[PDB]
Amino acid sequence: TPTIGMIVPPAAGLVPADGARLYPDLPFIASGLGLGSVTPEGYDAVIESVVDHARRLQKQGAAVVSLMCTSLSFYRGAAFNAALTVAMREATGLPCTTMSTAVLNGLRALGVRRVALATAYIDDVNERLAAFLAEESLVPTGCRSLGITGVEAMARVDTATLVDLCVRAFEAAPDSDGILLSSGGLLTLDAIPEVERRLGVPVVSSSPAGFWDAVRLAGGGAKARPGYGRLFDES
């Protein structure tokens, strides 16, 4: 059984909680960066260690490595997301990916070109997300955000708040194709099917998309348990 390796923001280096729910029969291992805040200043303090964490996961027998942070991978633009991926691959000899690549792949899989943004972030990070998506030939539309920079604070946001955030972002641009719910620090699994039910458009969420994309890269065609959104169930 291929192990999937994940580089995660918190120092503790825990497998993000969504994995046990989405893919209960797949093994995940993780290595933690110790990110201090979800801000460019925070990213700058850990970004250089990503390659070393990739190498650790390789030594542990990982079959694929994903950098499981959207903003760490998009904050410098599309070229850096690609270059960082290549650096990880050259360091490990393994298939490597990032949570930003994951959400691009998920949005494309669901036919989303015009995308409403529902995010956890402050606006410098939101602007960088919009610029990244535009570089990648997507069209960011409405935007609502929570303005959070703490890693732990993001895990505390409840399902109903996240459903409402998505609905408000979509209602700001109701001819959008879908919604990006951005930040792998959010616990979004119960929010996704509710938003999709109510609005009739797909949602791509950072953490779940990261898992979907890593499992994709592992090349076994493993399928998630049902009810976590069209991204998973449309296979």
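So that there is no doubt, residue numbering starts at 1 and follows the sequence shown.
With 104-112 and 146-154 compared on mean CA B-factor from the PDB entry, the stretch scoring higher is 146-154. The mean C-alpha temperature factor is higher for 169-177 when 30-38 and 169-177 are set side by side. Highest CA B-factor among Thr85, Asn126, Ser73, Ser137, as stated in the entry: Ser137. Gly5 sits in the lowest third of its chain by CA B factor, as recorded in the PDB entry. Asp213: CA B factor in the lowest third of modelled residues in this chain (values from the PDB entry). Per the PDB record, residue ranking by Cα B-factor puts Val204 in the lowest third of the chain.
In the PDB entry, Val163 places in the lowest third of its chain by CA B-factor. When all modelled residues of the chain are sorted by CA temperature factor, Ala131 is found within the middle third.
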